[PDB]
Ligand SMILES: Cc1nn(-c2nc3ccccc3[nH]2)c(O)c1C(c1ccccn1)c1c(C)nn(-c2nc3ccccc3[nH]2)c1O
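Shown next as structure tokens: one chain only, the form solved without the ligand.
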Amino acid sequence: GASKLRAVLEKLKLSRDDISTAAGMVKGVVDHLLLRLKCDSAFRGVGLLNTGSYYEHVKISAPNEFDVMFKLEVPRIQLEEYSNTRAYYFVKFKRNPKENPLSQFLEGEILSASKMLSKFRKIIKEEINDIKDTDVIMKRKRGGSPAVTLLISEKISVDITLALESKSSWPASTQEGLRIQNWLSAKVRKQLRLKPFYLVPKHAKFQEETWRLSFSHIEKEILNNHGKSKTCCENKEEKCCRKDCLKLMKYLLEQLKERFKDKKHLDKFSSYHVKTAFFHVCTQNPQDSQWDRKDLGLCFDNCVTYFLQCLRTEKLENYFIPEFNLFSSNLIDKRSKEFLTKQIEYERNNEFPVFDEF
């Protein structure tokens, strides 16, 4: 019941100070990398994007896995959607008056992601080896985003993502996304869509010089300012359980991944999937009275049941790009989704024995 869920949440709090100090090490390394990058003429105006709960810029997606985004203001953006994929784009430049600092990365009229990543990597691996003080290990990663994974000390690994910043209107593929009007209001949806959007070098399936839309800054804003009431969670009368439900869903997936590690059935699933499903459940349940702290058990069941539906139907829409299905067969194979469906179903039907202490 909810008492078991509350106990899980209390257990997770015991890790807080270890996370804070570990995020503190990520922070110091990143601050160092930022100042060196700014020396290169192409990465002049590089900066840290506000996406995380630690020091504005350090984000957790799983215990000991930290996430940091480097933003780069790139004016005159011009996007060309890569063949009906809705989330992947070629990057061109609207006009030519000044020759852009990223001229070096052009292959024709198109900004090369793999060219720009190579320099980004070269500069980082240059400073990572040019540090006597602390051993910091770079592992060139799977492809595109994240660009670099550093390994600090033993278990701390920070992913570092480069992101182009566009202050232009969001692409047409987002026009029916961010369906927050009945929850956070039409006024807020308008304000959020006036903010920049970001492009990360992720490559569509093998390769291409494509970039993927990213809204990590908006995700943080709507998790931290998450109520229909402006004063949700600002006083003792308005304590909702939205953040606790997302935490429990992330922990559920983390624990199942560890239990099913012998055959790695669940490798493709991520906290981003559970976060996306959670945002959809917020749209479905827009009133703060549907997230009363006393109803933690029912609220968590709402979240789990919707995630199960996404698995069984093999459909999880990106919250910002509705026609981008995170659970398509191109991204996650059918047998993986069928397998997780069965395990989530079992957990729900048995009151989550994966959360048992005995």
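Heads up: residue numbers just count along the shown sequence, starting at 1.
Another form, the form deposited with the ligand bound, is not on view; read the next lines as being about it.
> Look at the stretches 101-109, 284-292, 206-214, 75-83 and give the one with heavy atoms within 4.5 Å of the ligand in the entry with it bound.
The contacting stretch here is 206-214.
> With the ligand left out of view, choose which of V46, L326, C310, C303 has a non-hydrogen atom within 4.5 angstroms of it in the entry with it bound.
By the 4.5 Å heavy-atom cutoff, the listed residue in contact is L326.
> Looking at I124, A87, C245, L164, which is the one with a non-hydrogen atom within 4.5 Å of the ligand in the entry with it bound?
Partner contact (heavy atom, 4.5 Å) among the options: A87.
> Contact with the ligand in the entry with it bound for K27, defined as at least one heavy atom pair within 4.5 Å: yes or no?
Taking the distances in the entry with it bound, the answer for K27 is no, it never comes within 4.5 Å of the ligand.
> Is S270 close enough to the ligand in the entry with it bound to count, meaning some heavy atom within 4.5 Å?
Yes, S270 lies within 4.5 Å of the ligand in the entry with it bound.
> Residue-level contact is defined here as any heavy atom of the residue lying within 4.5 Å of the ligand in the entry with it bound; does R189 satisfy this criterion?
Residue-level check for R189: no, no contact with the ligand.
> Just to confirm, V58 within 4.5 Å of the ligand in the entry with it bound by heavy atoms?
Judged by the heavy-atom cut-off of 4.5 Å, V58 is in contact with the ligand in the entry with it bound.
> Though the partner is not shown here, which residues of 302-323 have a heavy atom within 4.5 Å of the ligand in the entry with it bound?
Residues within 4.5 Å: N318, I321.
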